[PDB]
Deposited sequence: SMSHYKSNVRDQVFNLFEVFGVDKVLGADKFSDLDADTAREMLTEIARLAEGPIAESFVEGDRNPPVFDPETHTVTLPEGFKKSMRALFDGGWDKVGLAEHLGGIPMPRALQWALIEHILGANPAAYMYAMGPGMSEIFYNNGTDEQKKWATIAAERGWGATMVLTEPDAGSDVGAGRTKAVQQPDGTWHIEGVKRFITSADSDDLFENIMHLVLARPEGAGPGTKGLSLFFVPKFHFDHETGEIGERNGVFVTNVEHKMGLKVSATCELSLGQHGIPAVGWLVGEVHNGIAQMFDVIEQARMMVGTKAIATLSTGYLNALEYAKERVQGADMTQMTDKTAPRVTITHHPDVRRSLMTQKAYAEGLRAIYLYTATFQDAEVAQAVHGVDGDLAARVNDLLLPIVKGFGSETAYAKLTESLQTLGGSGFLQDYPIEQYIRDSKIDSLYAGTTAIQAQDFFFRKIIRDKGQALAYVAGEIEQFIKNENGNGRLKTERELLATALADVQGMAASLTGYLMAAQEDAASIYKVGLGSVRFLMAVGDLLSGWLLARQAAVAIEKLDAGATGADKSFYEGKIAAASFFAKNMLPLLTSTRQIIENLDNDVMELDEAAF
């Protein structure tokens, strides 16, 4: 088959047997969607991913997009455009779209499980297909007049972009200098140059593109608070009929040459620099840009984390399939006998160590993003967790930098084990794992770098939150710990929870002490990424142990065959993760408890 190896079985296990999402299916908003239909949808998009979506994976990398300076457009390889048409023809770009825009109501947890397959098979294909979802965001934030445009945009399937970054404004969005000048008719003329813009042109995939552009109105204050958000279409159009009109003054000037994700055109985008104005419409006709734009950034960060996790998953399953068939060496119990029978490499302890590491992290990460998604619907959060709308929103906000920051970093790191499993053949383009590594390196950078994820997590999702979302999650872990075959895992989880609590307390002390000793805040910066990663490891270990508790129940109840194999794997992975990953958090806590400012005081010239 294709490079892409999917895991619907593990998705269904999470959605139904672990988190109970099927309990909201058929009820209230999800009245028209039953469990059987949900599973059928997952199987169908999994097949679409393994078939026509994956088919262009290699071609998009080997035959990458080309920028045409004669027209200021990008050309895409024909095989990739065929994959995109398969996505559209199936309606899959309406996944999770509101009913009034033509979508099928469904839990976010199911929505992201569906999207995981596209992200594993050809993740740029989902990015080009985020248009309808961006039009929903524009709808929710728009005026009544603007809601009619957004509806046209979704119905016609226009592409979309989020346009923030400039050459001098990446992590520091507030330093952007793209300008907005209001016109007599109430429109605005956008003037500036933006950098690194995903899908800024898309060949003839769509008839229009909606750029959602951050820009500073003349006279506005500084920083992100002075930014406003503007609807800037590639083509003008009839606000009533949608008929496509004259070109708007927003042009791609370049396409970047990247380590991976090559088929995703990443472009410099100039507004108002080529002889015609870039007409923009103030979104919601209010000046509230960074808040409006963060509706998009939140979705982007969930996507990027899910992408990295989807990619580790198919990397692991490729490595596993390879190991099952590769004969090399004799069994270690016979290593001195040079005529002992040769064995497949799954018989080697280091290879089984590497495979169980890939398995536990991939499945642990899938549980984390699905768990996160169960807090993105008020109804789901109430039904499956018993938490009200407000707490659910805070818990989701707490978890998103884990999905994004911990997911992106872990996936790239563990793909190294996936490649190692193939031996020298892992280094060949004949196998997909080296492209998996190249495509996923970007996941720790776009949508906010890991450092920005860890700062958000601590300063905004914990401290500003007064620790309420965090205390809720810690209480669910402690409950699991308080509760035989899982006694050892629960004891190791208790140590890990205490370690994370100790880290949180040390860093809170460093931050609070900054009122009287300004440089003490640096120790928060020094520890923040390690803290984010430790929380991810704790969550992984907890969710895997929860999976193993369900697996124990199902084995006791008499599971057989392929079911039984699956459940035995969950017990093995939870135990391996508890005994080989969680203990490192104790030394990390002690490291964080002894952080100092020596490295901050060192002369830059000493580096």
Quiz prompt | Segments lacking C-alpha coordinates (deposited sequence numbering, starting at 1) | solution = 1, 485 to 488
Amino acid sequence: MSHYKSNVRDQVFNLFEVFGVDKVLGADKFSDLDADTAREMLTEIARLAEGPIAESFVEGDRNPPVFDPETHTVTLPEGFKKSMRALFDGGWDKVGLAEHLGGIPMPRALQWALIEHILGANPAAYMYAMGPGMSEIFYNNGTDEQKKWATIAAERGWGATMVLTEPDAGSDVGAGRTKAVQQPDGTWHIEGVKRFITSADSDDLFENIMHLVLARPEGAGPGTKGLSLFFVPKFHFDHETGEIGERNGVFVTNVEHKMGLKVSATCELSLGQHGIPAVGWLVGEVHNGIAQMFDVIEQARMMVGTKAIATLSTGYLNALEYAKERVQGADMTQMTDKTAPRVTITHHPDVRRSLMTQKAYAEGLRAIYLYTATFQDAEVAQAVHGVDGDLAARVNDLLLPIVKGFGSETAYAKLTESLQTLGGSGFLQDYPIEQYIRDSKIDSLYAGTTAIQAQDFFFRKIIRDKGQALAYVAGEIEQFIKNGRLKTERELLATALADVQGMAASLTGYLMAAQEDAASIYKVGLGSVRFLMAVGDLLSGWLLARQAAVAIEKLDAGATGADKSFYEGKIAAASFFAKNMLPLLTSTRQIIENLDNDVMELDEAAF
From here on, numbers count along this sequence of modelled residues.
Quiz item: Averaged over C-alpha atoms, is the B-factor higher for 238 to 246 or for 416 to 424 in this PDB entry?
Solution: 238 to 246
Quiz item: Should the higher mean CA B-factor in the entry be assigned to 93 to 101 or to 356 to 364?
Solution: 93 to 101
Self-check item: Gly527, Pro184, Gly305, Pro432, ranked by C-alpha B-factor: the highest one
Solution: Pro184
Quiz item: Of the options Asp388, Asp201, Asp537, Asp439, which has the highest CA B factor as deposited?
Solution: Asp388
Exercise. Classify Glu136 as lowest, middle or highest third according to the C-alpha B-factor given in the PDB entry, relative to its own chain.
Key: middle
Quiz item: Ranked by Cα temperature factor within the chain, is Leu48 in the lowest third, the middle third or the highest third?
Solution: middle
Quiz item: Taking the entry's C-alpha B-factors for this chain, is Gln515 in the lowest, middle or highest third?
Solution: highest
Practice problem: Give the position of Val66 by CA B-factor within its chain, expressed as the lowest, middle or highest third. | Solution: lowest
Quiz item: What third of the chain, by the recorded C-alpha B-factor, contains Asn7?
Solution: middle
